[PDB]
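Presented as structure tokens, the chain that follows is alone, the form deposited without the ligand.
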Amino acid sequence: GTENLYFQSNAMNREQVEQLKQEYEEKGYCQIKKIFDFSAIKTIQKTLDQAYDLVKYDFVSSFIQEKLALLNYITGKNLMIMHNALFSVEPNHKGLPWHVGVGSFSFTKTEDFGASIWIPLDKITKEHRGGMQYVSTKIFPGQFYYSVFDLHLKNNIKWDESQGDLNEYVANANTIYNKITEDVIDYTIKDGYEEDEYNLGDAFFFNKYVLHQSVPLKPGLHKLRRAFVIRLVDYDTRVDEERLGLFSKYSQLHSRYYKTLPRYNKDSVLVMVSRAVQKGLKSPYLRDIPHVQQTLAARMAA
């Protein structure tokens, strides 16, 4: 009786939903099977086949917006899309080692909420891994890592010409952050991480405290590994003005010395939030940043 398809919702299995909420609460992350219709994936995938980096992929927003209610329920937050990034790269690719996204979320207060959706555009198989590994925050409460990173940033802006090459100074500084080498992290986590298989319309949801890494792709298929990565925050997530101060100050040292700008000026959310800040901020909330506020309803749940 297709009479009632119109009055019915394409709803997710309520029991499964309850489980994702339990899982997210355990690990800080959950893999969401069939969060998207194949159709939708093919639409998005097909459209790709067809200051500006800020909005360049906003056509993804509407697909994401339909799911915020689910994610809001899962996390107990009131989520707000900040940025859609397309992350593609060749299969034999060396990525970053386990990390928490202290850069990705540099524009937010450490204690305030941040999270991501990793949306693979091409299937992820047990062969040809090519996806993502991740550690529960029960095992690795990634929050402390942010404080370590801040201590590092403050050390960075201690440099002066007298101390030789800037970048080298930074790479060689004896900072807690530099101490935590790849081996120390591998030793910490050991094998208590997960990696999963993803069919299209599957996504990985994880808050900013989840230590994680991308796995390289096997040549067989496909050509590249394509994924959307979507940064979210909560309705009450605040800016960190001091961190933004640190970056500006580092950006002066860098250009004054290499006559060029650090590559993080390529993070459009960072640039966007920094300008708003310098221009003076009535409010600590990201929601109150004029460009965010203007597009508010598009960034949030129905």
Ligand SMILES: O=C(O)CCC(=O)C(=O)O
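Note that residue numbering follows the sequence shown and begins at 1. We call the rigid core whatever largest set of C-alpha positions still superposes within 1.5 Å between the two forms.
Missing deposited residues between residue 50 and residue 51: 10 or more, all without coordinates in the entry. Averaged over their C-alpha atoms, the temperature factors of 149-157 and 127-135 are higher for 127-135. Of the two segments, 31-39 and 243-251, the one listed with the higher mean B-factor is 31-39 (C-alpha atoms only). Between the residues 272, 44, 261, 69, the entry's highest C-alpha temperature factor is the one at 44. Of all the options 230, 221, 79, 100, the entry's greatest CA B-factor is assigned to 221. Compared with the other modelled residues of the chain, the Cα B-factor recorded for residue 208 ranks in the lowest third. Sort the modelled residues of the chain by CA B factor and residue 297 lands in the middle third. In the deposited entry, the Cα temperature factor of residue 87 sits in the top third of values across the chain's modelled residues. Among all modelled residues in its chain, residue 58 ranks in the highest third by Cα B-factor.
Placement of the Cα temperature factor of residue 165 within the chain: middle third of the modelled residues, per the deposited record.
Below, we refer to the form deposited with the ligand bound, which is not included among the displayed structures.
Screening 162-170, 227-235, 176-184, 74-82 for residues having heavy atoms within 4.5 Å of the ligand in the deposited complex returns a single hit, 227-235. Interface residue remark: residue 118 is counted as part of the site for the ligand in the deposited complex, having a heavy atom within 4.5 Å. When contacts are judged by a 4.5 Å heavy atom cut-off, residue 99 counts as touching the ligand in the deposited complex.
The shortest heavy atom separation between residue 193 and the ligand in the deposited complex exceeds 4.5 Å. Using a 4.5 angstroms limit between non-hydrogen atoms, residue 132 touches the ligand in the deposited complex. In terms of contact with the ligand in the deposited complex, the residue from 156, 137, 110, 214 that brings a heavy atom within 4.5 Å is 214.
Just one of the listed positions, 30, 35, 70, 44, moves its Cα by at least 2 Å between this form and the one not shown when the rigid core is held fixed, and it is 44.
After superposing the rigid core, the Cα of residue 240 is displaced by less than 2 Å between this form and the one not shown. When the rigid core is held fixed, the Cα atom of residue 81 travels less than 2 angstroms between this form and the one not shown. A movement of the C-alpha atom of residue 146 falling short of 2 angstroms is seen between this form and the one not shown when the two forms are aligned on their rigid core. Note on residue 57 and residue 79: their C-alpha atoms are nearer in the deposited complex, a change of at least 3 Å from this conformation. Compared with the form shown here, the Cα atoms of residue 264 and residue 105 move at least 3 Å farther apart in the deposited complex.
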